[PDB]
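Structural overview for review
Chain by chain, the residues run as shown.
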Amino acid sequence: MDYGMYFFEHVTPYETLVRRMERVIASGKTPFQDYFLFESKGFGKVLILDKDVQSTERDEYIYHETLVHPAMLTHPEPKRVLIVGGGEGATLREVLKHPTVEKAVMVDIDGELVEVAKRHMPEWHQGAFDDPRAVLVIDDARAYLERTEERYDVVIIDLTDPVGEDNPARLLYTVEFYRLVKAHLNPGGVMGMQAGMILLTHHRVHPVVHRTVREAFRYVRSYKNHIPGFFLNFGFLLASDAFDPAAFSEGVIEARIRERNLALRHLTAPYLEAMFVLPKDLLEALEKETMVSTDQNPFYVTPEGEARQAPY
Amino acid sequence: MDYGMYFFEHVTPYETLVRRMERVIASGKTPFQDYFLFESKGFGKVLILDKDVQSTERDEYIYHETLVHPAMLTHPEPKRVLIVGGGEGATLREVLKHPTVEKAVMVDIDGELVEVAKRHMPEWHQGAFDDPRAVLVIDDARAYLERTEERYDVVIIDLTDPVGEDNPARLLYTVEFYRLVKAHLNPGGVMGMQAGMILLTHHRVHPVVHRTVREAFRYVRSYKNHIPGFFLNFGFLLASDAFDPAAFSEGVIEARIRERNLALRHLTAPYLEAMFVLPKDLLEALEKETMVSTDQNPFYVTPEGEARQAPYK
Amino acid sequence: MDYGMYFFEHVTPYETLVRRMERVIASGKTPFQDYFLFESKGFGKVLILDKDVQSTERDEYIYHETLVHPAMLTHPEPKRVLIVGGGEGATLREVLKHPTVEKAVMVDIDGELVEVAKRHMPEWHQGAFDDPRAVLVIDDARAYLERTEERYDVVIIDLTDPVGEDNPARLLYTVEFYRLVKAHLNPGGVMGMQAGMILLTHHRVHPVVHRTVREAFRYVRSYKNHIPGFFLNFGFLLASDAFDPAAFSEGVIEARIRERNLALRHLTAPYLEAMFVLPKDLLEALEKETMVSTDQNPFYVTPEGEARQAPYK
Amino acid sequence: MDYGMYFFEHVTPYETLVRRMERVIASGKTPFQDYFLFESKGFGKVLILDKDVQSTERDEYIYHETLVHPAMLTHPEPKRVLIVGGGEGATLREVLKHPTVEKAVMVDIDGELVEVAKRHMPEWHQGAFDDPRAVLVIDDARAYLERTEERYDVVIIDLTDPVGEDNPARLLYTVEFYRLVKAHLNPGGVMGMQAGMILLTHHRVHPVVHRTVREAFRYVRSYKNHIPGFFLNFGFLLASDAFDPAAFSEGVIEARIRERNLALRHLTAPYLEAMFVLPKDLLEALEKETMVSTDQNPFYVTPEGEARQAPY
Ligand SMILES: CSC[C@H]1O[C@@H](n2cnc3c(N)ncnc32)[C@H](O)[C@@H]1O
Ligand SMILES: CSC[C@H]1O[C@@H](n2cnc3c(N)ncnc32)[C@H](O)[C@@H]1O
Ligand SMILES: CSC[C@H]1O[C@@H](n2cnc3c(N)ncnc32)[C@H](O)[C@@H]1O
Ligand SMILES: CSC[C@H]1O[C@@H](n2cnc3c(N)ncnc32)[C@H](O)[C@@H]1O
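Residues numbered from 1 in each chain as written, not as in the entry; some residues may be left out. Chains lettered and ligands numbered in written order. Heavy atoms only, no water.

**Notes on the site of ligand 3**
Residues and elements named next belong to chain C. Put simply, the test is: Here a residue counts as near a molecule or strand whenever at least one of its heavy atoms sits within 4 Å of it. Think of a polar contact as two N or O atoms within 3.5 Å of one another; within protein, one of them needs to be a possible hydrogen donor and the other a possible acceptor, and neighboring residues in sequence only count if both atoms come from side chains. For the domain bounds, the source is a domain assignment made automatically or taken from a database.
Surveying the vicinity of ligand 3 reveals 16 residues, the closest of which are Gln33, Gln54, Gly86, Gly87 and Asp108. Within the contact set of ligand 3, an oxygen atom lies 3.4 Å away from a backbone nitrogen or oxygen of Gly86. Take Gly87: an N or O atom from its main chain is 2.9 Å from an oxygen atom of ligand 3. Of the residues that make up the shell around ligand 3, three or more belong to each of domain 1 (3-54) and domain 2 (56-311).

And the structure:
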């Protein structure tokens, strides 16, 4: 391809995405991770955290819609919402889009990266932060969830795979963490989350996530969607003790979409319910999975993609 | 990211996929294309044509299941199948998987490539090529179905995005070609084919392949699925002049699976039928596409990776 | 090999140098070229023009020492210097290092680039540009020395390999151009210039630049040296109509160094004079080169990276 | 650049050479290193060992000439020669080119790679092996030199940088190793060697080599030359107790070149003596160097290029 500036995105240990930069808007170091924000011609601005794309501007709508709305849509009347992780302000954006929302609290360990999302990714946050109903909190979720005891109707979890042994994002993907999410939910409340890529042909982050969350939640329902941006099939899930969040009654998602006036660009009612219908190979793997990650023994993925587990 | 052998695989003009080569198994230069077959730790053997990967081992089951059986399961008792393209002949193996089938004519320019597939790609063909029902034909499929009056229930067009001005195979991408295909159908007959990546920010290959086909059949149904080893969302479609191929029942597709003892590894009735549920953006992209392609001005793929029309040189 | 930002730097058509970008400092697109200045751990700030690196910080001292002082030290008391090209103005700083010098006219298309150098490349220019002896001229150096009757003792041609058919700067690579240069010399006067990589298996840029110049001066001496940050063997030369610029004494070059209190960091009298000792292969390549380039058929660099002649469009 | 097969050659930690392969002649694993032999269009066949180019076919003549002949030329009458390392059979080739040679013994730890040089690099060895005067020995040099006690007029050392901590090529770049080379030399004998790249702008393999060899040899003279193949300025040296191997008398290298009938393609007499005249920056660094690598404390280069030293 053309010669010039490029970014070597890791993807899998055998497949690297080399992606053209037209211009480096911003790049640096926080006390928690590396960022690069550059100008893709294809997807506009792109944001790497560490060695992995985080979002792209022209496609983020697909990911943010797919992460939020299936959880909000699947709750009858979402009033208080917690967003764990998710610093660009887009999860916020789509959460704020539901009018039954009075409060939306967003937590996220890394200030300067938010400060970066704000200075340089207006396209994302879109004003979000400065909405009255919002409350930025810069802490570690596990810390936040242990100290406060406010409760929520939906929690959205938008965190970063727990990759490699040393990583401390690991103590966020244990069952203890999810009972801890659970501990903070009203009755009728639902959890929503990104759970890692599916490429089940290498590997296993998605199904262990599903299995582990299963140990804290009665009803765990796993859905999927292609983020073009990532060139990758991403796994998400919905969880609840209170009811099966994917028994979708005829006409109802659509009902709510109207009442609520959702400006949507990717999702429609039937597409949304489609995300939930999985190929057989995804079913089988989701079923074969037995690893449950625990505080005692937190799971991580090898840099070969394999699921390991040991103390921290 | 190591050192060692890598492939450099075009994905669009701004994203390139660098793949780690465990060992080249065979490359060379047929009079119709460049090819590299190699061994990766990720997807088993990988196959490249010019700058793109035709197919991967660990995951071609998916692409092929997706391509074929829609079209096949939507036909109530298919007997005569045209497979245009598909050197590998996994396209054949999936087809030869339906009982009903008496004769499947595989038609493909590049028998030297087909030979590689034979010699090196067992994993794909799985004897498909020596089925007493297969007719290997070694010609430009446009010459063939023009040079014959033979009839079919299902065509399956397993071709390849037709890149660049200079290419006799942009002629496989026009409403006169899809008409040729149409003319060569039985009364119940359905086409089903592959129709490009879906990557709405770089280009409109899929929509335009779809627009081209809306022009030569009543009913055009796009479906798509995610092919892991491509790292792409691929776009497919079905077209027929008879029924809407998309308004099936889900009870019936199930019927015909269990019925014809299809071994499936990816598809299920539910999943299959869902592939046909498109998100708002993509339905618009389709309902908004205009460019139809014709022998007169065929469309090719710009090396900026978008749809363009221009007259026939 | 990590992840992070990389440059992709053309070296030939089959070797590419991927350089790790610590931080882009400034890129953009002047009406004459693309440019990227960035920060690497290896060589400090790196500067790219189109697909090649003009210069590196930790090691430009070398390229510049090598370019300039030969030519300068071979002239017994240089006063008036033409510097064609050399945006960075390290070419200036080295020149402005000789006492004898009264006036150095730097002449260079692209003042926007020169501005980058000013704003971002202090390390290079080192005030060179504000020497009461420097005349920044912002024109096509071919227009300039054609549009003037001014005279010089040393010219120094710090241009750039002239790649591709379309380029008004292939006109800076002909015997009519080097004659223009000649015509604009004093009686003792010497040219010295940069003359391409030396990479005898891919191409004959150096020999051909040399052959072109043999045509417009009596005495042509190739010398070369290894520029680390390029990972290339670069080729240079001196030409004069007066003496052989190559038959110096080594006692004398030493004289003139100590004499003019040249701070040197790379060159020494011995080393400098040795750059002029070529191996068998390279002397043949030179004695075997034929292609001369002319306004009539100027030579450009093929994107297969070899010398080609073709008439003026 | 074009799309297709490529090889990612390491070079420096900040600069990688990505080099086009037209065809993979051969590649595999020995019990000691990795090989890849491929078809460059530029340089013809190329041979990687591990992650580093070893030779290229159209340019090897430059490297092999530059490694051998300055040592052989600088000996009055070279009869017995030892070549440590150097498995392609090219050092052999040029050593055999001097007619005063009756025996030439070549040692090299890795059989299968020789077996590979023979099956697939005819261009290199050129018959070499099958010359009567030659004697292939497949051992570790240090082992070979400790067991036998034959002696030699020139030793050529053509080994592979000692790179990274775990590497066992390290015990080959100590002073004890060179006293051990020395221990095996007739009087009037000279050592010749590749000593690593010069890029003194990163780093230091060349000057420590020079300094260490200096501790076993009275006269160590360091010369250099650009191998196009490697895109890199490579450092070599000549050593002797018996006399200054780079006091070059007027007309003498040339004298010997004639008498001996050297078919040379790169070197000439004056070029050969030129290699010995170094830039100031190379002089200064050669002089500032103080690290001497020892059995007790073997030196290696960091993967950042820095010279370290500790026990093994
Ligand atoms: C990168 S995906 C997600 C976002 O969640 C953030 N994040 C990572 N770890 C935590 C944590 N322990 N608590 C809250 N947010 C986190 C990261 O800064 C990023 O902005
Ligand atoms: C590998 S998927 C592809 C197949 O489509 C084949 N193909 C390419 N062009 C044509 C054509 N004009 N007619 C039939 N098959 C073709 C390729 O040769 C390959 O076999
Ligand atoms: C950076 S080394 C190079 C310099 O030569 C300059 N250059 C390129 N073309 C011309 C030309 N036709 N006349 C004068 N200088 C030029 C470039 O603009 C750069 O300043
Ligand atoms: C790669 S540069 C040099 C050659 O010397 C060889 N070599 C490496 N270590 C030793 C050793 N201890 N003794 C002899 N030869 C070696 C390598 O196999 C290679 O062929």
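**Description of the sheet that holds strand β9 (residues 134-137) of chain A**
All names here are of chain A. Stated formally: Paired strands are those between which DSSP finds at least two bridges. Put simply, DSSP H or I for four residues or longer makes a helix, DSSP E for two residues or longer makes a strand, and each gets a number counted from the N terminus. Axes here refer to lines fitted to C-alpha atoms; in helices the fit is confined to the stretch in contact. Angles between the N-to-C directions go from 0 to 180 degrees.
Strand order across the open sheet formed by seven strands is β9-β8-β7-β10-β11-β13-β12, with mixed pairing between neighbours. Pairing within the sheet leaves two strands with one partner each, and these edge strands are β9 and β12 (219-227). Taking the axes of each pair of neighbouring strands and ignoring which way they run, one obtains an average angle of 15 degrees across the sheet. Bridge analysis of strand β11 (residues 185-198) against strand β13 (residues 232-240) gives six bridges, and the strand direction is antiparallel. Bridge assignment links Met197 to a residue of β13, and that residue is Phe234.

**Remarks on the UniProt feature "domain: PABS" in chain B**
We count it as follows: UniProt positions are given in the numbering used here, feature names are shortened, and annotations may be inferred rather than shown by experiment.
UniProt annotation of "domain: PABS" refers to residues 4-241 of chain B when read in the numbering used here. Segment residues 4-241 of chain B splits into 26% helix and 38% strand. End C-alpha atoms: 52 Å apart.

**What to know about the domain arrangement of chain A**
Residue and element names in this part refer to chain A. The line we're drawing: Here, residues are in contact when the closest pair of their heavy atoms is within 4.5 Å. Any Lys or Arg side-chain nitrogen found within 4 Å of a carboxyl oxygen on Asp or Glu counts as a salt bridge.
You can read the domains of chain A as domain 1 (3-54) and domain 2 (56-311). At the interface, 27 residues of domain 1 touch 26 residues of domain 2. Counting every contact that joins domain 1 to domain 2 gives one salt bridge. The salt bridge involving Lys45 is made with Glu123; its shortest N-O contact spans 3.0 Å. Counting the contacts that link domain 1 with domain 2 gives ten residue pairs in polar contact.

**Topic: the site of ligand 2**
Residue and element names in this part refer to chain B. Definition in use: Computed with a 1.4 Å probe, the accessible areas rest on the Shrake-Rupley method; for each residue, only the protein chains presented here act as cover.
Inspection of the region around ligand 2 gives 16 residues, with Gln33, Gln54, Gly86, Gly87 and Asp108 positioned closest. Separating an oxygen atom of ligand 2 from a backbone N or O atom of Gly86 is a distance of 3.4 Å. In the environment of ligand 2, an oxygen atom lies 2.9 Å from a nitrogen or oxygen atom belonging to the backbone of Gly87. Starting from 460 Å² of accessible surface for ligand 2 in isolation, the protein chains cover 95%. Here the shell around ligand 2 gathers at least three residues from each of two domains, domain 1 (3-54) and domain 2 (56-311).

**Looking at the packing of helix α6 (residues 175-183) of chain A against helix α7 (residues 205-216) of chain A**
Residues and elements named next belong to chain A. The criterion, for reference: For classification purposes, angles smaller than 35 degrees are called roughly parallel, those larger than 145 roughly antiparallel, those between 65 and 115 roughly perpendicular, and all remaining angles oblique. If you view the pair so one helix is near and one far, a crossing is left-handed when the near helix is turned anticlockwise from the far one by less than a right angle, and right-handed when it is turned clockwise. For this classification, the nonpolar set comprises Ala, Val, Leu, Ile, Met, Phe, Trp, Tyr, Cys and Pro, the charged set comprises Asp, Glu, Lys and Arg, and every other residue, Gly included, is treated as polar.
Taken N-terminus to C-terminus, the directions of α6 and α7 make an angle of 50 degrees; their axes are 8 Å apart at the nearest point. As the angle between them shows, α6 and α7 are arranged oblique. Handedness of the crossing formed by α6 with α7: right-handed. Across from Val175, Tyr178, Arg179 and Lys182 in α6, the residues of α7 making contact are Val209, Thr212, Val213, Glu215 and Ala216. Along the lines of polarity and charge, the residues of the contact of α6 with α7 split into five nonpolar, one polar and three charged.

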